[PDB]
Amino acid sequence: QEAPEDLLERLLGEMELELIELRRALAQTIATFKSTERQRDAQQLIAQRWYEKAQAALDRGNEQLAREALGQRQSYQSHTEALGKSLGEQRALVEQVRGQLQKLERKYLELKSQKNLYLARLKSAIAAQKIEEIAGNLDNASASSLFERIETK
Amino acid sequence: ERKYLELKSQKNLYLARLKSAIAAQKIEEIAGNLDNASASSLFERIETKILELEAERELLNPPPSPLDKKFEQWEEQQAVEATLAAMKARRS
Amino acid sequence: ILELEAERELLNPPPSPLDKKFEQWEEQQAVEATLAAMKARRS
Amino acid sequence: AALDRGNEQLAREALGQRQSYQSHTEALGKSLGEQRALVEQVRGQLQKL
Amino acid sequence: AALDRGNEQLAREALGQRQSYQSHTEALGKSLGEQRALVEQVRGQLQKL
């Protein structure tokens, strides 16, 4: 393997490439939600416009005109009722995924936090043994033997 | 026409969950490594290497025994007190 | 346009209905409390 | 001079505008105080050097 | 200033938000203390060397 500390950088780098991928993907979900929201608003306005004439049709006793008008309205209502309900469910998906995203960000940053604090102990360890490696030589008849052999000389 | 447009409507809304799913597992794929002794093993193996190296120093430089810790600690108290015994008496 | 505006919404989270309530609440006392001093200082 | 003579609604609108300036005022003023510690200590760092 | 004047429900929501920051605060604060022992001992390791 590579120096897995380098992988810890690139592997977190992969998350950086994919964290934005989730970031862009989530935005696409929101775009559809609002776009679908408008279609509901437009339909009810037409239904309201039909109502605005049903707000004046049965007046003066033209009931049969109102019956035909309201009959047309139900089509828009049936479109309105069906379209409106689909919007509500999508909210749970966008809300939870943002919570999924928000939870991940702290985990990634918190995960990255321990990277530097923990990597230091590795650097300390290599020096700790290596500094004591040849340091241990000059005592206890290893290079103290060089201190002692020439004393014997 | 409504069926086609309505059918096309779910295309984008539904396709998003696929893109979310691939990231969801993949982001948690290597994320799950660094915990639970997968790449936390990289977090732990080198901790064991840290344990490996520190033990080397302990053997090569034997730790002061609880005796010599007692010997050194004992003499300190008299050393401070005896020195302070002179000070509490010299310039009382 | 919907695509780009959503990007701003995510990158700059909208003030929640809570902080809209918090900010709106403090404004009324802020105006009233300041005007409370004015309706009393130079009544 | 606005609420004088009983023009309260004018004062309410005026004071409402003021808070914007105050909010600018309150935020701006605090940032000044902290910068003093930096300039004071660095001069001490310089003077000591 | 929230529960003042009797707006308790506002305070409940506010304090509920605070606990999240507190939970972040409590967890973050403890991690700092342990790191002190490592830096202190290693300096002693360095100084002795």
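Residues numbered from 1 in each chain as written, not as in the entry; some residues may be left out. Chains lettered and ligands numbered in written order. Part of a larger assembly, values for the part shown. Heavy atoms only, no water.

Going by the header, the method for this PDB entry is cryo-EM, and the resolution given is 4.7 Å.

1. Let's talk about the overall build of chain B
For chain B, the helix and strand inventory stands at three helices and zero strands. Its helices and strands in sequence order give chain B the pattern α-α-α, from N to C terminus. The C-alpha atoms of chain B give a radius of gyration of 34 Å, which is well past the 12 Å a tight globule of 92 residues would have. With respect to the three principal axes, the spread of C-alpha positions in chain B is 110 × 40 × 15 Å. (Helix = DSSP H or I, 4+ residues; strand = E, 2+ residues; numbered from the N terminus. Rg over C-alpha atoms; globule rule 2.2 N^0.38 Å.)

2. Points about the packing of helix 1 (residues 4-54) of chain A against helix 2 (residues 63-135) of chain A
All names here are of chain A. Interhelical geometry of helix 1 versus helix 2 gives an angle of 165 degrees and a closest axis separation of 8 Å. Considering their axes alone, helix 1 and helix 2 lie roughly antiparallel with respect to each other. Taken as a pair, helix 1 and helix 2 cross one another with a handedness that is left-handed. Split by residue class, the contact of helix 1 with helix 2 holds 26 nonpolar, eleven polar and twelve charged. (Axes fitted to C-alpha atoms, helices over the stretch in contact; angles between N-to-C directions. Parallel < 35°, antiparallel > 145°, perpendicular 65-115°, else oblique. Left-handed = near helix turned anticlockwise from the far one by under 90°. Nonpolar A, V, L, I, M, F, W, Y, C, P; charged D, E, K, R; others polar.)

3. Some words on the packing of aromatic side chains
Under the criterion given, the structure shown has two aromatic pairs over all chains. Between the aromatic rings of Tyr118(A) and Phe43(B), the centroid separation amounts to 3.5 Å while the plane-to-plane angle is 10 degrees, which identifies the pairing as stacked. Highlighted residues: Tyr118(A) in helix 2 and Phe43(B) in helix 2 (residues 40-60), drawn from two different chains. The exposure class of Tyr118(A) is buried, given its relative accessible area of 7%. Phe43(B) gets classed as partly exposed once you look at its relative accessible area, which sits at 22%. Directly above the ring of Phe71(B) sits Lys70(B), whose terminal nitrogen or CZ lies 3.4 Å from the centroid. (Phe/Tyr/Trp six-rings, centres within 6.5 Å; stacked < 30°, edge-to-face > 60°. Buried < 20%, exposed > 50% of the residue type's maximum accessible area, 1.4 Å probe, protein only. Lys NZ or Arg CZ within 6 Å of the ring centre and 35° of its normal.)

4. Some remarks on the interface of chain A and chain E
On the chain E side, the residues contacting the five residues of chain A number six residues. Across the chain A to chain E interface the summed buried area is about 420 Å²; carbon plus sulfur atoms make up 65%. Among the residues chain A hides against chain E, the three largest losses belong to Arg106(A), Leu117(A) and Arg121(A). Together they make up 70% of the total. For the side of chain A that touches chain E, the residue count by class is one nonpolar, one polar and three charged. (Contact = heavy atoms within 4.5 Å. Buried area = accessible area lost by both parts, 1.4 Å probe.)

5. As for the side chain of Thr29(A)
Structurally, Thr29(A) is set in helix 1. For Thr29(A), a relative accessible area of 16% puts it in the buried group.

6. Comments concerning the side chain of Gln90(A)
Within the fold, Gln90(A) resides in helix 2. Once you skip the residues sitting within four places of it in the chain, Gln90(A) turns out to touch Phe33(A), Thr36(A) and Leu13(B).

7. Examining the nonpolar core
The nonpolar side chains of a soluble globular protein tend to be buried, and buried together. Core analysis: the biggest nonpolar cluster contains eleven residues, these being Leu8(A), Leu12(A), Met15(A), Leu19(A), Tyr108(A), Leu111(A), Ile27(B), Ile30(B), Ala31(B), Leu34(B) and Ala39(B). Contributions of two or more residues to this core are made by helix 1 and helix 2 of chain A together with helix 1 (2-31) of chain B. Examining the composition of this core, we find that four residues originate from one element, helix 1 of chain A, more than from any other. The next biggest cluster of nonpolar side chains, apart from the first, holds six residues, and it includes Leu22(A), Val97(A), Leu101(A) and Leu104(A). (Core = buried A, V, L, I, M, F, W, Y, C linked by side-chain atoms within 4.5 Å.)

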